[PDB]
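Engineer: If it helps, the file is called target_8.cif and holds mmCIF, C-alpha atoms (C1' of nucleotides):
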```
data_upload
loop_
_atom_site.label_atom_id
_atom_site.label_comp_id
_atom_site.auth_asym_id
_atom_site.auth_seq_id
_atom_site.Cartn_x
_atom_site.Cartn_y
_atom_site.Cartn_z
CA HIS A 1 39.91 -21.33 -195.33
CA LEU A 2 41.35 -17.88 -196.04
CA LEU A 3 43.34 -15.83 -193.51
CA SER A 4 45.04 -19.13 -192.62
CA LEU A 5 47.10 -20.00 -195.71
CA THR A 6 50.52 -18.57 -196.53
CA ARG A 7 51.24 -15.93 -199.16
CA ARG A 8 51.47 -16.11 -202.95
CA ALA A 9 48.09 -17.88 -202.78
CA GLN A 10 45.80 -15.58 -200.80
CA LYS A 11 47.04 -12.94 -203.24
CA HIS A 12 46.14 -15.09 -206.26
CA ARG A 13 42.71 -15.39 -204.63
CA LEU A 14 42.18 -11.67 -203.88
CA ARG A 15 43.98 -10.31 -206.97
CA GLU A 16 40.79 -8.99 -208.57
CA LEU A 17 39.71 -7.16 -205.42
CA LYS A 18 43.24 -5.82 -204.92
CA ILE A 19 43.41 -4.36 -208.43
CA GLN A 20 39.92 -2.90 -207.92
CA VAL A 21 41.04 -1.23 -204.68
CA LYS A 22 44.10 0.04 -206.56
CA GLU A 23 41.90 1.54 -209.28
CA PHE A 24 39.67 3.14 -206.63
CA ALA A 25 42.67 4.62 -204.82
CA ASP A 26 44.10 5.95 -208.08
CA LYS A 27 40.75 7.53 -208.94
CA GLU A 28 40.19 9.02 -205.47
CA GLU A 29 43.59 9.73 -203.88
CA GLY A 30 45.92 8.89 -206.77
CA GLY A 31 47.34 5.78 -205.12
CA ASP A 32 47.19 6.31 -201.35
CA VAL A 33 46.41 2.63 -200.84
CA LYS A 34 47.89 2.41 -197.34
CA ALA A 35 45.77 5.16 -195.79
CA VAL A 36 42.51 4.09 -197.44
CA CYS A 37 43.03 0.45 -196.46
CA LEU A 38 43.83 1.51 -192.89
CA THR A 39 40.66 3.61 -192.74
CA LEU A 40 38.56 0.81 -194.24
CA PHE A 41 39.87 -1.72 -191.72
CA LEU A 42 39.34 0.71 -188.83
CA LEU A 43 35.71 1.24 -189.84
CA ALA A 44 35.32 -2.52 -190.34
CA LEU A 45 36.51 -3.08 -186.77
CA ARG A 46 34.19 -0.34 -185.51
CA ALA A 47 31.23 -1.95 -187.29
CA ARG A 48 31.56 -5.20 -185.31
CA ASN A 49 31.89 -3.32 -181.97
CA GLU A 50 35.60 -3.98 -181.46
CA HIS A 51 36.72 -0.56 -180.24
CA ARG A 52 39.60 -2.03 -178.22
CA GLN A 53 41.48 -3.54 -181.16
CA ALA A 54 40.79 -0.49 -183.34
CA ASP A 55 42.14 1.84 -180.66
CA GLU A 56 45.23 -0.34 -180.23
CA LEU A 57 45.75 -0.26 -184.00
CA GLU A 58 45.36 3.51 -184.33
CA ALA A 59 47.74 3.90 -181.38
CA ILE A 60 50.40 1.59 -182.84
CA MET A 61 50.17 3.32 -186.24
CA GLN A 62 51.98 6.14 -184.50
CA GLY A 63 54.28 3.57 -182.84
CA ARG A 64 54.67 5.14 -179.46
CA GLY A 65 56.18 4.44 -176.06
CA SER A 66 53.42 3.36 -173.67
CA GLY A 67 55.82 3.21 -170.73
CA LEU A 68 54.91 4.28 -167.20
CA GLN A 69 57.25 6.59 -165.32
CA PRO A 70 58.55 5.14 -162.02
CA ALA A 71 56.38 7.54 -159.99
CA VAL A 72 53.19 5.94 -161.33
CA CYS A 73 54.58 2.45 -160.70
CA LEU A 74 55.45 3.45 -157.13
CA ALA A 75 51.96 4.88 -156.58
CA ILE A 76 50.39 1.67 -157.89
CA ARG A 77 52.69 -0.48 -155.75
CA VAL A 78 51.97 1.50 -152.57
CA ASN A 79 48.29 2.47 -152.76
CA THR A 80 47.21 -1.07 -153.78
CA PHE A 81 48.80 -3.01 -150.88
CA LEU A 82 51.38 -4.95 -152.89
CA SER A 83 54.51 -6.57 -151.49
CA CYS A 84 57.72 -6.19 -153.48
CA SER A 85 57.80 -9.92 -154.28
CA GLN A 86 54.31 -10.01 -155.79
CA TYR A 87 55.03 -6.78 -157.68
CA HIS A 88 58.18 -8.36 -159.10
CA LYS A 89 56.17 -11.44 -160.04
CA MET A 90 53.63 -9.32 -161.92
CA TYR A 91 56.44 -7.30 -163.49
CA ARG A 92 58.27 -10.33 -164.88
"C1'" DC B 1 40.80 -49.64 -208.79
"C1'" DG B 2 42.65 -44.10 -211.54
"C1'" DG B 3 41.12 -39.52 -215.99
"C1'" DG B 4 39.51 -34.31 -215.20
"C1'" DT B 5 38.84 -29.88 -212.11
"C1'" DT B 6 39.79 -26.62 -208.93
"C1'" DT B 7 43.33 -25.05 -204.81
"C1'" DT B 8 48.39 -24.23 -202.90
"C1'" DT B 9 53.08 -22.59 -204.15
"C1'" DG B 10 58.09 -22.19 -204.95
"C1'" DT B 11 59.87 -20.94 -208.98
"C1'" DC B 12 62.07 -18.30 -212.96
"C1'" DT B 13 63.68 -13.21 -213.55
"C1'" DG B 14 67.36 -8.87 -212.42
"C1'" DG B 15 66.33 -4.18 -210.44
"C1'" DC B 16 64.63 -1.67 -205.99
"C1'" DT B 17 63.67 -1.12 -200.45
"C1'" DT B 18 64.21 -1.19 -195.39
"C1'" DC B 19 66.41 -3.78 -193.19
"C1'" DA B 20 70.62 -6.25 -191.88
"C1'" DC B 21 75.74 -6.31 -190.37
"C1'" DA B 22 81.61 -5.62 -188.01
"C1'" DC B 23 85.18 -3.36 -183.10
"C1'" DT B 24 84.93 0.30 -178.71
"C1'" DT B 25 84.11 0.44 -173.53
"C1'" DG B 26 82.40 3.18 -169.57
"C1'" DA B 27 78.55 3.74 -167.64
"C1'" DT B 28 74.03 2.20 -167.15
"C1'" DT B 29 70.28 -0.84 -166.49
"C1'" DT B 30 68.44 -5.37 -165.50
"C1'" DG B 31 68.55 -10.09 -163.51
"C1'" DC B 32 69.80 -13.10 -160.38
"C1'" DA B 33 71.90 -14.76 -155.97
"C1'" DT B 34 72.19 -14.34 -150.75
"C1'" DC B 35 70.53 -14.01 -145.64
"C1'" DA B 36 67.64 -13.87 -140.88
"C1'" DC B 37 62.87 -15.39 -139.86
"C1'" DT B 38 57.64 -16.90 -140.69
"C1'" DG B 39 52.60 -18.98 -140.12
"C1'" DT B 40 49.30 -22.14 -140.19
"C1'" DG B 41 49.41 -26.33 -136.76
"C1'" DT B 42 45.56 -23.71 -130.26
"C1'" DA B 43 39.87 -27.73 -125.36
"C1'" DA B 44 38.36 -31.98 -123.35
"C1'" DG B 45 38.59 -36.63 -121.95
"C1'" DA B 46 40.49 -40.92 -119.68
"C1'" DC B 47 42.50 -42.49 -115.44
"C1'" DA B 48 44.71 -43.38 -110.91
"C1'" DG B 49 44.69 -42.08 -106.28
"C1'" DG B 50 43.21 -40.11 -101.94
"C1'" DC B 51 39.32 -39.30 -99.15
"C1'" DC B 52 35.40 -39.41 -96.01
"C1'" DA B 53 30.26 -41.24 -95.55
"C1'" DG B 54 27.49 -44.09 -94.51
"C1'" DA B 55 26.95 -48.82 -94.64
"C1'" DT B 56 29.19 -53.76 -92.52
"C1'" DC B 57 30.14 -56.49 -89.30
"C1'" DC B 58 31.45 -57.48 -83.84
"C1'" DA B 59 31.04 -57.21 -79.02
"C1'" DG B 60 28.54 -57.90 -73.72
#
```
Hey, can you dump this file as structure tokens for me?
Structural biologist:
Amino acid sequence: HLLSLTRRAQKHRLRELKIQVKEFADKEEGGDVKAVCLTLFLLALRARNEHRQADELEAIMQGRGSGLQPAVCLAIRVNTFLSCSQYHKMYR
DNA sequence: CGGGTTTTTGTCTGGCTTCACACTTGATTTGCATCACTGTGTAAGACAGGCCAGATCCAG
């Protein structure tokens, strides 16, 4: 079952398709394999109605800091009736 | 009871990455320990004793 083996074998299996994608990228974008594969996988996720994972992927492709400032954490801790102990529990 | 037919993979091989890898040291940020209290335990039932009430016996 593919997507479960290790490397150097799944390659040997998908070598034909990989060289075809390489030819297509060379013909279209001259070798921009990374971007075209990213777009193909994003649309493949969107086809199966998996917007959450696709959004997470397109957000991490930037690699960004999704950290909340302490004001927002304080607002959440106050306006939701949370004791400091339970908030610390959730935090850890 | 073991001859063929496909996966499943470290390998050779040297030349290239993005990553990895040694003292400071003063603040700076986490992470953990410490201390005085806490809330849930939350209505009835069995029994002895005193008390009159009306019944229990006694008298000429």
Engineer: Restrict the distance test to all atoms listed in the file, flag each residue of chain A within 9 Å of chain B, and return the flagged residues as a list in words.
Structural biologist: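 That gives residues 5, 6, 7, 8 and 9 of chain A for chain A.
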Engineer: Excluding residue 55 of chain A and its own-chain neighbours fewer than 4 positions away, which residues fall within 10 Å of it when counting only C-alpha atoms (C1' of nucleotides)? Please give them as a PyMOL selection string.
Structural biologist: chain A and resi 42+45-46+50-51+59-61
Engineer: May I ask for the distance between atom CA of residue 54 of chain A and atom CA of residue 39 of chain A, given in Å to one decimal place?
Structural biologist: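 About the pair atom CA of residue 54 of chain A and atom CA of residue 39 of chain A: they are 10.3 Å apart.
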Engineer: If I take atom CA of residue 4 of chain A and atom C1' of residue 13 of chain B, how far is one from the other in Å, to one decimal?
Structural biologist: 28.6 Å
Engineer: Might you pull out every residue within 12 Å of segment 69-74 of chain A, with only C-alpha atoms (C1' of nucleotides) counted and same-chain residues fewer than 3 positions away left off, and present them as a list in words?
Structural biologist: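 So, after excluding close chain neighbours, the residues are residues 65, 66, 77, 78, 79, 80, 81, 82, 83, 84, 87, 88, 90 and 91 of chain A.
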Engineer: To one decimal place, how far is atom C1' of residue 19 of chain B from atom CA of residue 15 of chain A in Å?
Structural biologist: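 Distance between the two atoms: 27.1 Å.
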Engineer: Find the smallest box with edges along x, y and z containing every listed atom of segment 53-70 of chain A, then add 6 Å on each side and report centre and edge lengths in Å to one decimal, as AutoDock Vina command-line options.
Structural biologist:
```
--center_x 49.7 --center_y 1.5 --center_z -174.1 --size_x 29.8 --size_y 22.1 --size_z 36.2
```
